file structure-v6.tsv (TSV, C-alpha atoms and all ligand atoms)
chain	number	residue	atom	x	y	z
A	196	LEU	CA	-45.23	18.63	-19.52
A	197	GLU	CA	-44.54	17.36	-16.00
A	198	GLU	CA	-42.84	20.62	-15.01
A	199	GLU	CA	-46.18	22.40	-15.55
A	200	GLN	CA	-48.43	19.75	-13.97
A	201	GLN	CA	-46.77	18.60	-10.73
A	202	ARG	CA	-46.81	20.17	-7.30
A	203	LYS	CA	-43.59	21.36	-5.67
A	204	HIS	CA	-42.52	21.36	-2.02
A	205	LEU	CA	-40.88	24.79	-2.31
A	206	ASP	CA	-44.16	26.44	-3.38
A	207	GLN	CA	-45.68	25.67	0.04
A	208	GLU	CA	-45.16	27.08	3.51
A	209	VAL	CA	-43.43	25.49	6.49
A	210	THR	CA	-42.18	27.18	9.65
A	211	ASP	CA	-40.28	24.63	11.78
A	212	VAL	CA	-37.40	22.26	11.09
A	213	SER	CA	-39.56	19.32	12.18
A	214	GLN	CA	-41.90	19.87	9.20
A	215	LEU	CA	-39.26	19.42	6.50
A	216	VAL	CA	-39.98	16.50	4.18
A	217	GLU	CA	-38.13	13.28	4.95
A	218	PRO	CA	-35.57	11.83	2.51
A	219	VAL	CA	-36.71	8.90	0.39
A	220	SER	CA	-33.39	7.04	0.60
A	221	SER	CA	-32.47	4.95	3.62
A	222	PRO	CA	-29.77	5.94	6.13
A	223	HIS	CA	-28.53	2.34	6.27
A	224	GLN	CA	-26.22	1.75	3.31
A	225	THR	CA	-22.44	1.65	3.84
A	226	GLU	CA	-20.73	-0.41	6.53
A	227	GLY	CA	-17.27	-1.23	7.77
A	228	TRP	CA	-14.52	-0.50	10.26
A	229	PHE	CA	-13.58	3.17	10.71
A	230	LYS	CA	-15.95	4.43	7.98
A	231	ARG	CA	-17.24	7.82	9.13
A	232	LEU	CA	-19.33	8.62	6.05
A	233	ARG	CA	-22.25	6.21	5.79
A	234	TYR	CA	-23.84	7.34	2.50
A	235	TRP	CA	-22.53	7.41	-1.08
A	236	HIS	CA	-23.91	7.24	-4.62
A	237	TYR	CA	-21.46	6.40	-7.41
A	238	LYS	CA	-18.57	3.98	-7.94
A	239	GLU	CA	-16.36	2.96	-10.86
A	240	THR	CA	-15.85	-0.76	-10.25
A	241	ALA	CA	-15.96	-2.44	-13.64
A	242	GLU	CA	-18.79	-4.40	-15.23
A	243	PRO	CA	-18.56	-8.08	-16.24
A	244	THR	CA	-19.05	-9.57	-19.69
B	2	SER	CA	-26.32	-13.67	-33.59
B	3	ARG	CA	-26.03	-13.89	-29.81
B	4	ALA	CA	-23.08	-16.28	-30.13
B	5	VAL	CA	-20.90	-13.93	-32.18
B	6	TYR	CA	-21.71	-10.88	-30.05
B	7	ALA	CA	-20.84	-12.91	-26.96
B	8	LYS	CA	-17.47	-13.86	-28.46
B	9	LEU	CA	-16.75	-10.22	-29.35
B	10	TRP	CA	-17.73	-9.01	-25.87
B	11	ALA	CA	-15.58	-11.68	-24.22
B	12	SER	CA	-12.52	-10.93	-26.37
B	13	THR	CA	-11.19	-8.46	-23.75
B	14	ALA	CA	-12.33	-10.11	-20.51
B	15	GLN	CA	-8.72	-10.83	-19.45
B	16	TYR	CA	-7.47	-7.22	-19.43
B	17	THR	CA	-5.62	-7.62	-16.12
B	18	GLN	CA	-3.66	-10.65	-17.35
B	19	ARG	CA	-2.51	-8.78	-20.46
B	20	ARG	CA	-1.42	-5.91	-18.20
B	21	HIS	CA	0.63	-8.32	-16.05
B	22	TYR	CA	2.26	-9.58	-19.25
B	23	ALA	CA	3.11	-5.97	-20.09
B	24	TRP	CA	4.70	-5.55	-16.65
B	25	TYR	CA	6.83	-8.62	-17.35
B	26	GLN	CA	7.99	-7.40	-20.76
B	27	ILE	CA	8.97	-3.88	-19.72
B	28	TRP	CA	10.78	-5.08	-16.61
B	29	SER	CA	12.70	-7.62	-18.69
B	30	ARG	CA	13.84	-4.82	-20.98
B	31	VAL	CA	14.69	-2.52	-18.07
B	32	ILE	CA	16.34	-4.65	-15.41
B	33	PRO	CA	19.79	-5.24	-17.01
B	34	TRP	CA	20.63	-1.58	-16.27
B	35	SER	CA	21.35	-2.84	-12.74
B	36	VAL	CA	24.78	-4.17	-13.79
B	37	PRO	CA	26.52	-0.91	-14.80
B	38	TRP	CA	25.17	0.89	-11.76
B	39	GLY	CA	25.95	-2.06	-9.51
B	40	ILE	CA	29.57	-2.07	-10.65
B	41	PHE	CA	29.83	1.64	-9.92
B	42	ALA	CA	28.31	1.24	-6.46
B	43	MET	CA	30.88	-1.45	-5.67
B	44	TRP	CA	33.65	0.65	-7.24
B	45	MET	CA	32.94	3.52	-4.87
B	46	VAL	CA	32.39	1.41	-1.74
B	47	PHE	CA	35.36	-0.98	-2.17
B	48	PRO	CA	37.98	1.28	-0.48
B	49	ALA	CA	35.66	1.61	2.54
B	50	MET	CA	35.80	-2.11	3.30
B	51	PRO	CA	38.39	-3.77	5.55
B	52	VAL	CA	41.73	-4.57	3.93
B	53	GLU	CA	41.01	-8.27	4.46
B	54	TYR	CA	37.70	-8.00	2.60
B	55	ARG	CA	39.35	-6.15	-0.28
B	56	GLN	CA	41.91	-8.96	-0.52
B	57	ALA	CA	39.19	-11.63	-0.33
B	58	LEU	CA	36.67	-10.15	-2.78
B	59	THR	CA	39.38	-9.89	-5.47
B	60	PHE	CA	40.58	-13.46	-4.79
B	61	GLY	CA	43.90	-12.10	-3.53
B	62	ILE	CA	44.71	-9.99	-6.60
B	63	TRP	CA	44.40	-6.68	-4.76
B	64	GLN	CA	47.13	-5.74	-2.28
B	65	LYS	CA	48.23	-2.57	-0.53
B	66	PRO	CA	49.89	-0.19	-3.04
B	67	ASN	CA	53.68	-0.03	-2.78
B	68	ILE	CA	54.78	3.63	-2.80
B	69	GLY	CA	58.05	3.30	-0.87
B	70	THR	CA	56.93	4.44	2.60
B	71	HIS	CA	55.96	2.96	5.98
B	72	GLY	CA	58.14	-0.15	5.68
B	73	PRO	CA	58.95	-2.52	8.54
B	74	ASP	CA	61.16	-1.49	11.45
B	75	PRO	CA	63.98	-3.94	12.38
A	301	LIG	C1	0.29	-10.91	27.92
A	301	LIG	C2	-1.05	-10.24	28.13
A	301	LIG	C3	-2.05	-10.54	27.03
A	301	LIG	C4	-3.35	-9.76	27.14
A	301	LIG	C5	-4.29	-9.95	25.96
A	301	LIG	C6	-5.55	-9.09	26.03
A	301	LIG	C7	-6.27	-8.98	24.69
A	301	LIG	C8	-7.50	-8.09	24.71
A	301	LIG	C9	-8.08	-7.85	23.32
A	301	LIG	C10	-9.32	-6.97	23.29
A	301	LIG	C11	-9.91	-6.80	21.90
A	301	LIG	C12	-11.18	-5.97	21.85
A	301	LIG	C13	-11.81	-5.88	20.47
A	301	LIG	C14	-12.66	-7.08	20.08
A	301	LIG	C15	-13.24	-6.98	18.68
A	301	LIG	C16	-14.20	-8.10	18.31
A	301	LIG	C17	-14.65	-8.01	16.86
A	301	LIG	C18	-15.73	-8.98	16.49
A	301	LIG	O1	-16.15	-9.85	17.20
A	301	LIG	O2	-16.18	-8.75	15.25
A	301	LIG	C19	-17.32	-9.53	14.80
A	301	LIG	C20	-17.97	-8.79	13.67
A	301	LIG	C21	-17.10	-8.75	12.44
A	301	LIG	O3	-17.94	-8.69	11.27
A	301	LIG	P1	-17.91	-7.42	10.30
A	301	LIG	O4	-18.45	-7.83	8.98
A	301	LIG	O5	-16.56	-6.82	10.37
A	301	LIG	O6	-18.94	-6.39	10.97
A	301	LIG	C22	-18.48	-5.34	11.84
A	301	LIG	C23	-18.46	-4.04	11.07
A	301	LIG	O7	-17.47	-4.12	10.04
A	301	LIG	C24	-18.18	-2.83	11.93
A	301	LIG	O8	-18.51	-1.65	11.18
A	301	LIG	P2	-19.94	-0.97	11.36
A	301	LIG	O9	-20.17	-0.04	10.22
A	301	LIG	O10	-20.94	-2.02	11.62
A	301	LIG	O11	-19.75	-0.09	12.68
A	301	LIG	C25	-19.39	1.31	12.60
A	301	LIG	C26	-17.89	1.43	12.67
A	301	LIG	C27	-17.43	2.82	12.34
A	301	LIG	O12	-17.63	3.69	13.48
A	301	LIG	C28	-17.08	4.90	13.42
A	301	LIG	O13	-16.35	5.26	12.53
A	301	LIG	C29	-17.49	5.76	14.58
A	301	LIG	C30	-16.32	6.50	15.22
A	301	LIG	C31	-16.72	7.44	16.34
A	301	LIG	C32	-15.55	8.14	17.02
A	301	LIG	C33	-15.95	9.31	17.91
A	301	LIG	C34	-14.82	9.85	18.78
A	301	LIG	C35	-15.16	11.16	19.47
A	301	LIG	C36	-14.36	11.45	20.73
A	301	LIG	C37	-12.90	11.83	20.51
A	301	LIG	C38	-12.18	12.24	21.79
A	301	LIG	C39	-10.74	12.69	21.61
A	301	LIG	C40	-9.74	11.56	21.64
A	301	LIG	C41	-8.36	11.94	21.13
A	301	LIG	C42	-7.54	12.80	22.06
A	301	LIG	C43	-7.23	12.17	23.40
A	301	LIG	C44	-5.88	12.55	23.98
A	301	LIG	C45	-4.76	11.69	23.47
A	301	LIG	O14	-17.47	1.14	14.04
A	301	LIG	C46	-16.18	0.86	14.23
A	301	LIG	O15	-15.34	0.94	13.38
A	301	LIG	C47	-15.92	0.45	15.65
A	301	LIG	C48	-14.46	0.55	16.05
A	301	LIG	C49	-14.19	0.03	17.45
A	301	LIG	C50	-12.74	0.13	17.88
A	301	LIG	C51	-12.45	-0.55	19.21
A	301	LIG	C52	-10.98	-0.59	19.57
A	301	LIG	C53	-10.67	-1.33	20.85
A	301	LIG	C54	-9.18	-1.42	21.15
A	301	LIG	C55	-8.84	-2.22	22.40
A	301	LIG	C56	-7.35	-2.31	22.69
A	301	LIG	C57	-6.59	-3.21	21.73
A	301	LIG	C58	-5.08	-3.10	21.83
A	301	LIG	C59	-4.55	-1.71	21.47
A	301	LIG	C60	-3.15	-1.71	20.87
A	301	LIG	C61	-2.09	-2.35	21.75
A	301	LIG	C62	-0.67	-2.16	21.23
A	301	LIG	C63	-0.48	-2.70	19.83
A	301	LIG	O16	-18.18	-7.41	14.10
A	301	LIG	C64	-19.28	-7.13	14.80
A	301	LIG	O17	-20.25	-7.85	14.85
A	301	LIG	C65	-19.15	-5.82	15.52
A	301	LIG	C66	-18.32	-5.91	16.79
A	301	LIG	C67	-17.76	-4.58	17.22
A	301	LIG	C68	-17.14	-4.58	18.60
A	301	LIG	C69	-16.60	-3.22	19.03
A	301	LIG	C70	-16.43	-3.07	20.54
A	301	LIG	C71	-15.41	-4.01	21.14
A	301	LIG	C72	-15.29	-3.92	22.65
A	301	LIG	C73	-14.10	-4.70	23.20
A	301	LIG	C74	-13.85	-4.53	24.69
A	301	LIG	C75	-12.48	-5.03	25.11
A	301	LIG	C76	-12.08	-4.69	26.53
A	301	LIG	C77	-10.64	-5.06	26.83
A	301	LIG	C78	-10.21	-4.86	28.27
A	301	LIG	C79	-8.82	-5.39	28.57
A	301	LIG	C80	-8.44	-5.37	30.03
A	301	LIG	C81	-7.09	-6.01	30.29
A	302	LIG	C1	47.81	-0.33	-24.23
A	302	LIG	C2	47.90	0.27	-25.61
A	302	LIG	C3	47.20	1.61	-25.73
A	302	LIG	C4	45.74	1.51	-26.11
A	302	LIG	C5	45.07	2.85	-26.33
A	302	LIG	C6	43.58	2.75	-26.64
A	302	LIG	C7	42.78	3.95	-26.17
A	302	LIG	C8	42.26	3.84	-24.74
A	302	LIG	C9	43.33	3.96	-23.67
A	302	LIG	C10	43.92	2.64	-23.23
A	302	LIG	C11	45.35	2.74	-22.71
A	302	LIG	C12	45.46	2.94	-21.21
A	302	LIG	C13	44.93	4.27	-20.70
A	302	LIG	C14	44.96	4.37	-19.19
A	302	LIG	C15	43.58	4.45	-18.56
A	302	LIG	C16	43.58	4.06	-17.10
A	302	LIG	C17	44.08	5.17	-16.19
A	302	LIG	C18	42.97	6.04	-15.69
A	302	LIG	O1	41.94	6.23	-16.28
A	302	LIG	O2	43.26	6.57	-14.51
A	302	LIG	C19	42.45	7.69	-14.10
A	302	LIG	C20	43.04	8.30	-12.86
A	302	LIG	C21	42.46	7.69	-11.62
A	302	LIG	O3	43.53	7.31	-10.72
A	302	LIG	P1	43.16	6.63	-9.32
A	302	LIG	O4	41.71	6.78	-9.08
A	302	LIG	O5	44.11	7.16	-8.32
A	302	LIG	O6	43.51	5.09	-9.52
A	302	LIG	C22	43.65	4.23	-8.37
A	302	LIG	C23	43.25	2.83	-8.75
A	302	LIG	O7	41.92	2.84	-9.28
A	302	LIG	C24	43.31	1.84	-7.61
A	302	LIG	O8	42.05	1.85	-6.92
A	302	LIG	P2	41.56	0.56	-6.11
A	302	LIG	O9	42.62	-0.47	-6.16
A	302	LIG	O10	41.05	1.00	-4.79
A	302	LIG	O11	40.34	0.02	-6.97
A	302	LIG	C25	39.45	-0.96	-6.40
A	302	LIG	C26	39.33	-2.13	-7.34
A	302	LIG	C27	40.50	-3.05	-7.20
A	302	LIG	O12	40.72	-3.71	-8.47
A	302	LIG	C28	41.34	-4.88	-8.44
A	302	LIG	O13	42.19	-5.16	-7.63
A	302	LIG	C29	40.86	-5.78	-9.54
A	302	LIG	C30	41.97	-6.65	-10.13
A	302	LIG	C31	41.90	-6.71	-11.64
A	302	LIG	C32	42.62	-7.91	-12.23
A	302	LIG	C33	42.67	-7.89	-13.75
A	302	LIG	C34	42.01	-9.08	-14.41
A	302	LIG	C35	42.15	-9.09	-15.92
A	302	LIG	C36	43.47	-9.65	-16.41
A	302	LIG	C37	43.56	-11.16	-16.31
A	302	LIG	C38	44.45	-11.82	-17.35
A	302	LIG	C39	43.76	-12.93	-18.13
A	302	LIG	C40	44.71	-13.96	-18.71
A	302	LIG	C41	44.26	-14.52	-20.05
A	302	LIG	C42	44.85	-13.79	-21.25
A	302	LIG	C43	46.34	-14.05	-21.47
A	302	LIG	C44	46.71	-15.51	-21.64
A	302	LIG	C45	45.90	-16.20	-22.71
A	302	LIG	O14	38.12	-2.88	-6.98
A	302	LIG	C46	36.96	-2.45	-7.50
A	302	LIG	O15	36.87	-1.57	-8.31
A	302	LIG	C47	35.80	-3.22	-6.93
A	302	LIG	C48	35.83	-4.71	-7.23
A	302	LIG	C49	34.84	-5.17	-8.30
A	302	LIG	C50	33.41	-4.72	-8.06
A	302	LIG	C51	32.34	-5.66	-8.56
A	302	LIG	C52	31.86	-6.67	-7.53
A	302	LIG	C53	32.36	-8.08	-7.77
A	302	LIG	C54	32.22	-9.00	-6.58
A	302	LIG	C55	32.98	-10.30	-6.74
A	302	LIG	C56	32.13	-11.54	-6.53
A	302	LIG	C57	32.92	-12.84	-6.46
A	302	LIG	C58	33.09	-13.37	-5.04
A	302	LIG	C59	34.08	-12.58	-4.19
A	302	LIG	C60	33.97	-12.86	-2.70
A	302	LIG	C61	35.16	-13.61	-2.10
A	302	LIG	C62	34.82	-14.99	-1.57
A	302	LIG	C63	34.72	-16.03	-2.66
A	302	LIG	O16	42.71	9.72	-12.89
A	302	LIG	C64	43.07	10.46	-11.82
A	302	LIG	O17	43.94	10.14	-11.06
A	302	LIG	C65	42.22	11.69	-11.70
A	302	LIG	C66	42.47	12.73	-12.78
A	302	LIG	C67	41.80	14.07	-12.46
A	302	LIG	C68	40.60	14.38	-13.33
A	302	LIG	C69	39.31	14.60	-12.56
A	302	LIG	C70	38.06	14.38	-13.40
A	302	LIG	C71	37.23	15.63	-13.61
A	302	LIG	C72	36.57	16.14	-12.34
A	302	LIG	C73	36.06	17.56	-12.45
A	302	LIG	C74	34.55	17.68	-12.30
A	302	LIG	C75	34.10	19.02	-11.75
A	302	LIG	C76	33.48	19.95	-12.78
A	302	LIG	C77	31.99	19.75	-12.96
A	302	LIG	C78	31.61	18.52	-13.77
A	302	LIG	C79	32.14	18.52	-15.20
A	302	LIG	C80	31.38	17.57	-16.10
A	302	LIG	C81	31.78	17.66	-17.55
A	303	LIG	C1	21.60	6.41	-4.70
A	303	LIG	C2	22.99	6.47	-4.13
A	303	LIG	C3	23.41	7.87	-3.72
A	303	LIG	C4	24.81	7.92	-3.14
A	303	LIG	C5	25.17	9.24	-2.51
A	303	LIG	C6	26.30	9.15	-1.50
A	303	LIG	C7	27.34	10.24	-1.63
A	303	LIG	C8	28.15	10.45	-0.37
A	303	LIG	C9	28.96	9.23	0.02
A	303	LIG	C10	29.66	9.33	1.36
A	303	LIG	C11	30.26	8.02	1.80
A	303	LIG	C12	30.81	8.06	3.20
A	303	LIG	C13	30.97	6.69	3.81
A	303	LIG	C14	31.06	6.73	5.31
A	303	LIG	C15	32.24	5.99	5.88
A	303	LIG	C16	33.52	6.80	5.99
A	303	LIG	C17	34.19	7.05	4.65
A	303	LIG	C18	35.67	7.27	4.79
A	303	LIG	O1	36.26	8.24	4.40
A	303	LIG	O2	36.25	6.24	5.42
A	303	LIG	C19	37.69	6.22	5.47
A	303	LIG	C20	38.19	5.50	4.25
A	303	LIG	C21	39.64	5.10	4.37
A	303	LIG	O3	39.85	4.50	5.67
A	303	LIG	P1	41.01	5.08	6.61
A	303	LIG	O4	42.30	4.70	6.00
A	303	LIG	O5	40.73	6.51	6.88
A	303	LIG	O6	40.87	4.27	7.98
A	303	LIG	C22	39.63	3.60	8.31
A	303	LIG	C23	39.77	2.23	7.70
A	303	LIG	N1	38.48	1.54	7.30
A	303	LIG	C24	37.83	2.25	6.15
A	303	LIG	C25	38.77	0.13	6.89
A	303	LIG	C26	37.53	1.52	8.46
A	303	LIG	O7	38.10	6.44	3.13
A	303	LIG	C27	37.57	5.99	1.98
A	303	LIG	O8	37.84	4.93	1.48
A	303	LIG	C28	36.58	6.97	1.43
A	303	LIG	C29	35.16	6.46	1.49
A	303	LIG	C30	34.66	5.95	0.15
A	303	LIG	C31	33.25	5.41	0.21
A	303	LIG	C32	32.32	6.04	-0.80
A	303	LIG	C33	30.90	5.54	-0.69
A	303	LIG	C34	29.98	6.10	-1.75
A	303	LIG	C35	28.53	5.71	-1.54
A	303	LIG	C36	27.74	5.65	-2.83
A	303	LIG	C37	27.12	4.29	-3.10
A	303	LIG	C38	25.70	4.37	-3.62
A	303	LIG	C39	25.16	3.03	-4.08
A	303	LIG	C40	23.67	3.03	-4.34
A	303	LIG	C41	22.83	2.96	-3.08
A	303	LIG	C42	21.36	3.19	-3.32
A	303	LIG	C43	20.46	2.22	-2.58
A	303	LIG	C44	19.00	2.50	-2.78
call {"tool": "encode", "arguments": {"input": "structure-v6.tsv", "output": "structure tokens", "more": "lines below"}}
Ligand SMILES: CCCCCCCCCCCCCCCCCC(=O)OC[C@H](COP(=O)([O-])OCC(O)COP(=O)([O-])OC[C@@H](COC(=O)CCCCCCCCCCCCCCCCC)OC(=O)CCCCCCCCCCCCCCCCC)OC(=O)CCCCCCCCCCCCCCCCC
Ligand SMILES: CCCCCCCCCCCCCCCCCC(=O)OC[C@H](COP(=O)([O-])OCC(O)COP(=O)([O-])OC[C@@H](COC(=O)CCCCCCCCCCCCCCCCC)OC(=O)CCCCCCCCCCCCCCCCC)OC(=O)CCCCCCCCCCCCCCCCC
Ligand SMILES: CCCCCCCCCCCCCCCCCC(=O)OC[C@H](COP(=O)([O-])OCC[N+](C)(C)C)OC(=O)CCCCCCCCCCCCCCCCC
result
Amino acid sequence: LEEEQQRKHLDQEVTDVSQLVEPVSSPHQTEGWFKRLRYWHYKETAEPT
Amino acid sequence: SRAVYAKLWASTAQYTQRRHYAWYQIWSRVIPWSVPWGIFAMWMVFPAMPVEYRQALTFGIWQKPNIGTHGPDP
């Protein structure tokens, strides 16, 4: 149902790079010495009991 | 019951310890192979050592072979 009731950003016109929608997720996530890449999603560290 | 499910969940909490135990077992089975190969290492490298060290390491049993050449000069 939602696919035929929502609006979509790609159905609408923009002309300049400054008008592109802004990401929802924050830039400020990963930290530490000599870490170039500052953004990740998934990890496989194990769960507790 | 919560209690029983908790016990069943917790049964495997100590995975890493069991894996260390496995390390111990397999290394105990494996490590005696060092004796054959150690003897052969020493076998090959014995004639490279100084004559004195050959005499010492064999508690004086080993001595220069006697082939009837290079005897003393009066
Ligand atoms: C007998 C004589 C004896 C003499 C004794 C003299 C001793 C002098 C010792 C000097 C020591 C200086 C360093 C002090 C560190 C203090 C750390 C601290 O307090 O931590 C607290 C605290 C620790 O908590 P934490 O939880 O770790 O938080 C920090 C984060 O983890 C951090 O992560 P983050 O995510 O928050 O940040 C982003 C992250 C990640 O950032 C990035 O990845 C960005 C990278 C961008 C790179 C872009 C490069 C582009 C250009 C390339 C050009 C081409 C070059 C190659 C080609 C060239 C040709 C060859 O940034 C970094 O990783 C920063 C790295 C900085 C490296 C600085 C290295 C300094 C070396 C000094 C020399 C030491 C000796 C050398 C060896 C000697 C021989 C063994 O850290 C902080 O609060 C941050 C402090 C950061 C300080 C950095 C700046 C230090 C400036 C020091 C100036 C010293 C001047 C010396 C002059 C000497 C004159 C004689
Ligand atoms: C009898 C009845 C008949 C029975 C028949 C039963 C059937 C079996 C047969 C038995 C009968 C006898 C048969 C004879 C067999 C022996 C002869 C023999 O085998 O000679 C071979 C013979 C080798 O001659 P050789 O090499 O000139 O011999 C020179 C000697 O080895 C001289 O060399 P060396 O002196 O330089 O040797 C060095 C040696 C020197 O050895 C000694 O001097 C040892 C002395 C031994 C003493 C004996 C003790 C036992 C007796 C004690 C008595 C107990 C008394 C109680 C009982 C009675 C009273 C109750 O030292 C070592 O090896 C190293 C030392 C030990 C290493 C381990 C580390 C221990 C460290 C010690 C720690 C403690 C602390 C020390 C630190 C000091 C500070 C505290 O063969 C040849 O000459 C070569 C033949 C050519 C064939 C080439 C092979 C084929 C190659 C082609 C391959 C290319 C094709 C491609 C591959 C093809 C693949 C298929
Ligand atoms: C994993 C091991 C792989 C081993 C591969 C090695 C194969 C090649 C071995 C070459 C040895 C050469 C030794 C250099 C010294 C000169 C030798 C020489 O001729 O000297 C004169 C001597 C005789 O001396 P001389 O009479 O000419 O006068 C000099 C007198 N001395 C020696 C006292 C200074 O000749 C020999 O005795 C021949 C040398 C025998 C040594 C053989 C060594 C074999 C090495 C294998 C051991 C491997 C153990 C495992 C190690 C692994 C560790 C991770």
call {"tool": "closest_atom_pairs", "arguments": {"input": "structure-v6.tsv", "of": "chain B", "to": "ligand LIG 302 (chain A)", "cutoff": "12 Å", "atoms": "all atoms listed in the file", "output": "JSON lines"}}
result
{"residue": "B:36", "atom": "CA", "partner": "A:LIG302", "partner_atom": "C51", "distance": 9.3}
{"residue": "B:37", "atom": "CA", "partner": "A:LIG302", "partner_atom": "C51", "distance": 9.8}
{"residue": "B:38", "atom": "CA", "partner": "A:LIG302", "partner_atom": "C51", "distance": 10.2}
{"residue": "B:39", "atom": "CA", "partner": "A:LIG302", "partner_atom": "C51", "distance": 7.4}
{"residue": "B:40", "atom": "CA", "partner": "A:LIG302", "partner_atom": "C51", "distance": 5.0}
{"residue": "B:41", "atom": "CA", "partner": "A:LIG302", "partner_atom": "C50", "distance": 7.5}
{"residue": "B:42", "atom": "CA", "partner": "A:LIG302", "partner_atom": "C50", "distance": 8.0}
{"residue": "B:43", "atom": "CA", "partner": "A:LIG302", "partner_atom": "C50", "distance": 4.8}
{"residue": "B:44", "atom": "CA", "partner": "A:LIG302", "partner_atom": "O15", "distance": 4.1}
{"residue": "B:45", "atom": "CA", "partner": "A:LIG302", "partner_atom": "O15", "distance": 7.3}
{"residue": "B:46", "atom": "CA", "partner": "A:LIG302", "partner_atom": "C47", "distance": 7.7}
{"residue": "B:47", "atom": "CA", "partner": "A:LIG302", "partner_atom": "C47", "distance": 5.3}
{"residue": "B:48", "atom": "CA", "partner": "A:LIG302", "partner_atom": "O10", "distance": 5.3}
{"residue": "B:49", "atom": "CA", "partner": "A:LIG302", "partner_atom": "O10", "distance": 9.1}
{"residue": "B:50", "atom": "CA", "partner": "A:LIG302", "partner_atom": "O10", "distance": 10.1}
{"residue": "B:51", "atom": "CA", "partner": "A:LIG302", "partner_atom": "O10", "distance": 11.7}
{"residue": "B:52", "atom": "CA", "partner": "A:LIG302", "partner_atom": "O10", "distance": 10.4}
{"residue": "B:53", "atom": "CA", "partner": "A:LIG302", "partner_atom": "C61", "distance": 10.3}
{"residue": "B:54", "atom": "CA", "partner": "A:LIG302", "partner_atom": "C61", "distance": 7.7}
{"residue": "B:55", "atom": "CA", "partner": "A:LIG302", "partner_atom": "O14", "distance": 7.6}
{"residue": "B:56", "atom": "CA", "partner": "A:LIG302", "partner_atom": "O13", "distance": 8.1}
{"residue": "B:57", "atom": "CA", "partner": "A:LIG302", "partner_atom": "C61", "distance": 4.8}
{"residue": "B:58", "atom": "CA", "partner": "A:LIG302", "partner_atom": "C59", "distance": 3.8}
{"residue": "B:59", "atom": "CA", "partner": "A:LIG302", "partner_atom": "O13", "distance": 5.9}
{"residue": "B:60", "atom": "CA", "partner": "A:LIG302", "partner_atom": "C61", "distance": 6.1}
{"residue": "B:61", "atom": "CA", "partner": "A:LIG302", "partner_atom": "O13", "distance": 8.2}
{"residue": "B:62", "atom": "CA", "partner": "A:LIG302", "partner_atom": "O13", "distance": 5.5}
{"residue": "B:63", "atom": "CA", "partner": "A:LIG302", "partner_atom": "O13", "distance": 3.9}
{"residue": "B:64", "atom": "CA", "partner": "A:LIG302", "partner_atom": "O13", "distance": 7.3}
{"residue": "B:65", "atom": "CA", "partner": "A:LIG302", "partner_atom": "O9", "distance": 8.2}
{"residue": "B:66", "atom": "CA", "partner": "A:LIG302", "partner_atom": "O9", "distance": 7.9}
{"residue": "B:67", "atom": "CA", "partner": "A:LIG302", "partner_atom": "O9", "distance": 11.6}
call {"tool": "closest_atom_pairs", "arguments": {"input": "structure-v6.tsv", "of": "chain A", "to": "ligand LIG 301 (chain A)", "cutoff": "7 Å", "atoms": "only C-alpha atoms and all ligand atoms", "output": "CSV"}}
result
residue,atom,partner,partner_atom,distance
A:225,CA,A:LIG301,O9,7.0
A:226,CA,A:LIG301,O9,3.8
A:227,CA,A:LIG301,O8,3.7
A:228,CA,A:LIG301,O15,3.5
A:229,CA,A:LIG301,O15,3.9
A:230,CA,A:LIG301,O13,4.6
A:231,CA,A:LIG301,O13,4.3
call {"tool": "atom_distance", "arguments": {"input": "structure-v6.tsv", "atom1": "atom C35 of ligand LIG 303 (chain A)", "atom2": "atom CA of residue B:31"}}
result
23.1 Å
call {"tool": "closest_residue", "arguments": {"input": "structure-v6.tsv", "among": "B:6, B:18, B:69, B:35", "to": "ligand LIG 303 (chain A)", "atoms": "only C-alpha atoms and all ligand atoms"}}
result
B:35
call {"tool": "atom_distance", "arguments": {"input": "structure-v6.tsv", "atom1": "atom CA of residue B:70", "atom2": "atom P1 of ligand LIG 303 (chain A)"}}
result
16.4 Å
call {"tool": "interface_residues", "arguments": {"input": "structure-v6.tsv", "of": "chain B", "to": "chain A", "cutoff": "12 Å", "atoms": "all atoms listed in the file", "output": "list in words"}}
result
residues 6, 7, 8, 9, 10, 11, 12, 13, 14, 15, 16 and 17 of chain B
call {"tool": "atom_distance", "arguments": {"input": "structure-v6.tsv", "atom1": "atom CA of residue B:34", "atom2": "atom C36 of ligand LIG 303 (chain A)"}}
result
16.8 Å
call {"tool": "axis_aligned_box", "arguments": {"input": "structure-v6.tsv", "around": "stretch 41-50 of chain B", "padding_each_side": "8 Å", "output": "JSON"}}
result
{"center_x": 33.1, "center_y": 0.7, "center_z": -3.3, "size_x": 25.7, "size_y": 21.6, "size_z": 29.2}
call {"tool": "residues_near_point", "arguments": {"input": "structure-v6.tsv", "point": "(-41.3, 22.2, 2.2)", "cutoff": "8 Å", "atoms": "all atoms listed in the file", "output": "number ranges by chain"}}
result
A: 204-209, 214-216
call {"tool": "write_last_selection", "arguments": {"input": "structure-v6.tsv", "atoms": "C-alpha atoms", "output": "PDB file, keeping the file's coordinate frame"}}
result
ATOM      1  CA  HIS A 204     -42.520  21.360  -2.020  1.00  0.00           C
ATOM      2  CA  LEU A 205     -40.880  24.790  -2.310  1.00  0.00           C
ATOM      3  CA  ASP A 206     -44.160  26.440  -3.380  1.00  0.00           C
ATOM      4  CA  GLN A 207     -45.680  25.670   0.040  1.00  0.00           C
ATOM      5  CA  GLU A 208     -45.160  27.080   3.510  1.00  0.00           C
ATOM      6  CA  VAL A 209     -43.430  25.490   6.490  1.00  0.00           C
ATOM      7  CA  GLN A 214     -41.900  19.870   9.200  1.00  0.00           C
ATOM      8  CA  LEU A 215     -39.260  19.420   6.500  1.00  0.00           C
ATOM      9  CA  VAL A 216     -39.980  16.500   4.180  1.00  0.00           C
TER      10      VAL A 216
END
